[PDB]
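As a starting point, one isolated chain is supplied in structure tokens, in the form deposited without the ligand.
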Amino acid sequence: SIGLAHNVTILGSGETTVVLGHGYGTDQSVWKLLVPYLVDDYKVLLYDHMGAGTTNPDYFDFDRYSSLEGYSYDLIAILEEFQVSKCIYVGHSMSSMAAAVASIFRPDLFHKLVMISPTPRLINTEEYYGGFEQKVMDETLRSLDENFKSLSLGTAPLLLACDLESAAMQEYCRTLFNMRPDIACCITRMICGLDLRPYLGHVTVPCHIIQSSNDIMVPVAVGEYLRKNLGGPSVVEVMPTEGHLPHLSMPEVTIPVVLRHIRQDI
């Protein structure tokens, strides 16, 4: 069953459903501290996207999840299996961009998107600054299979902006290494090879863009690029945080920001 495969959890009660989507390297447990502040006022649906260590590797289709739409379609199927419509989608990074792509196909299913650290593209052009020159990426992406443990341990402190003893880093690494490595390399390649710029103008759902002020994956200019190129209403809030996963590494600052954007409409 769709619910089984994605470990779907539904909590709370409310006319509106808030749908929580974890990013790369984590699972739905990443929202442990946001969830108690939602249950009294909303229904909350949590799910694990395919390829997470909590999910069965034998439902991972390498061809399907080599493109982000594969996740968008899963999301559509899940929202349909549980009779959710015009939901509040809260997603971190890739998951927020996959929900945006899902909103293109079925805008009836989303009332607003809340995007924590989103980016439409990592690799620079002469046009657009995403934070990574192409041949740095090409060097990591062709080495990545040999690299994966050493590369993840080495960049995790800079990615999270956390120390090695931090609980956040240990927990991120714990879930990160519960993925089968071939699966993890597939998702990584897909994330790095992303160019969603042709589709931003076709997103029409309201978008709340929540970013870290210091995120090595997401230059602060990317948040404003999204706002000026999205087809519908949007708002950008740059938090005084560090790290690509501020909901995990600095929940004390991030959680009230996420809550305010969940609860207040553009």
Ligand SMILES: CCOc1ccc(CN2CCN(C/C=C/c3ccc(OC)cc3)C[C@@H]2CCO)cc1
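In case it trips you up, residue 1 is the first one in the sequence shown, and so on.
Quick note: we don't show the form solved in complex with the ligand, though the next part is all about it.
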Inset, instruction - Please state whether all three residues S103, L200 and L230 have a non-hydrogen atom within 4.5 angstroms of the ligand in the entry with it bound. - result: no
Legend entry - Contact test in the entry with it bound: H111 vs the ligand, heavy atoms, 4.5 Å: no
Inset, instruction - Verify the contact flag for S93: yes if a non-hydrogen atom of it lies within 4.5 Å of a non-hydrogen atom of the ligand in the entry with it bound, no if not. - result: yes
Legend entry - Contact test in the entry with it bound: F132 vs the ligand, heavy atoms, 4.5 Å: yes
Legend entry - Interface membership of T175, the ligand in the entry with it bound, 4.5 Å heavy atom rule: no
Inset, instruction - Can you check 121 to 129, 103 to 111, 162 to 170, 79 to 87 and let me know which stretch has heavy atoms within 4.5 Å of the ligand in the entry with it bound? - result: 121 to 129
Legend entry - Any residue of 238 to 256 that, in the entry with it bound, places a heavy atom within 4.5 Å of the ligand: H244
